[PDB]
Every structure is written in structure tokens, then in C-alpha cells.
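Encoded as C-alpha cells, the following chain is the form deposited in one PDB entry, with no partner shown.
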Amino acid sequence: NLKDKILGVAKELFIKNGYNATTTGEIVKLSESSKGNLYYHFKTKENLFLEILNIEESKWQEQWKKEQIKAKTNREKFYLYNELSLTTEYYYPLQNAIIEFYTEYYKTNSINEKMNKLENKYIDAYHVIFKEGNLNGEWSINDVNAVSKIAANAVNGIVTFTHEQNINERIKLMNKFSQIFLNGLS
């Protein structure tokens, strides 16, 4: 495909180098195409990026759907989501580029739109887990939205700032985290 050959290399570079680190010039080189093609489908580099992000938040979200089954209680779904967060190949792998990107476009008021569109998607899994666990008497969360936001970010933190120690260390920490958080809800 066309837009699909591009997107692949982009995601490739965005992760491997960083937002700016990677440029349109580059993309073309290992993607073969007119420096224009990238203009209809995607409005700009902000687009090509935001697109890749959109896909990823979809893929990962879907994977989770095809795996939460293995968790009978939401308490379990919570521990499980955070754990998978460490192994997946989606979204998280370019949280660094996102950080770059947000600090380099945060000044334009077009950020609070898409960078708030992917927001509700990212914190959704926790929404469901907490909301649904409320209906299932697993706990009693009054401020579900707050807690989802907290959870989502704290975890993204554990996932990101430990990207160097061994994977089993990460999983144990992540698990101790999950343990404590839930124990704090009630």
C-alpha cells in the first residue's frame, strides 16, 4: 500500500530516533515517494505522527481486548493490563517521541485537540476496569475519572523510566505497584 508503507517507516524512525530527530527528508529515502504524497493523506508531520499514534493506541487497545479474557475479575484485569504494558510492542515504544512532540508543539492550540483525543483513549482501559469493578463490588471508587488518570500516568511512568533494567525486575515492581494501588482504593 502507499500511506501504509510510509506510516511503517515513520513509526520506525519516530521510535528509533525521536520526533524531530526524524524528518520528512529521511522518511522518503527509505520509503520511496514524492515529498508531496505525504500532504493529502496526512496534513503535516504533526499528522503523520498523530496518525501513527492513533493506530498504535488502537492496536494495543485491541490486543488488550483479546487478552483481558484471561482475567476473570477486574482486580486481575488491573494487574494484567499494567503487566502487559511492559511487554507489548504498541504505543509505549514511542512514549519518548510523544514527550518530545508534546514539548515541541505544546505552544500551538491544536495540541489540546488531538493530544486530548488520544487522552480519553489511553485512560479508557482503566475507566472500564474501575467503572466495571464498581458495578462488580470489587471496590468503591467515587472519582473514577481521577483514579483512571492517576493509574494511567503512574503506570506509563513505571513503564518508561525503567526501560533499562531486566524485564523481570520491571514486572515485579509493576506488580508491587498494582498491589498497592488497588489496596489503596479501599
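We number the residues from 1 along the sequence you see. Each form is matched to the other, and the largest set of C-alpha atoms that superpose within 1.5 Å is called the rigid core.
- Larger root-mean-square CA separation from the shown form, computed after a rigid core fit of the structures in 8 other deposited structures of this protein, is seen for 91-99 when 91-99 is set against 75-83.
- Greater average departure of CA atoms from the shown form, over structures and residues in 8 other deposited structures of this protein after a core fit, characterises 17-25 among 17-25 and 167-175.
- In this entry, the higher average B-factor at the C-alpha atoms falls on 134-142, of the pair 154-162 and 134-142.
- Higher average CA B factor: 116-124, of the stretches 116-124 and 48-56.
- Considering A71, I99, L84, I111 together, the PDB entry gives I111 the largest C-alpha B factor.
- Ranked by Cα temperature factor within the chain, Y105 sits in the highest third according to the deposited record.
- The deposited CA B-factor of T23 belongs to the highest third of values across its chain.
- In this PDB entry, the Cα temperature factor of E62 sits in the middle third of its chain's modelled residues.
- For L185, the recorded CA B-factor ranks within the middle third of the chain. Only modelled residues enter the ranking.
Same protein, other form: the form deposited with a small molecule bound, not shown, and the subject of what follows.
- Distance criterion of 4.5 Å from any heavy atom to the small molecule in the bound PDB entry singles out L53 from the list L53, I27, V147, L38.
- Relative to the small molecule in the bound PDB entry, residues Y92, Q95 and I98 are all within 4.5 Å by at least one heavy atom.
- With a 4.5 Å cutoff on heavy atoms, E46 does not count as touching the small molecule in the bound PDB entry; it lies far away.
- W60 belongs to the set of residues with a heavy atom inside 4.5 Å of the small molecule in the bound PDB entry.
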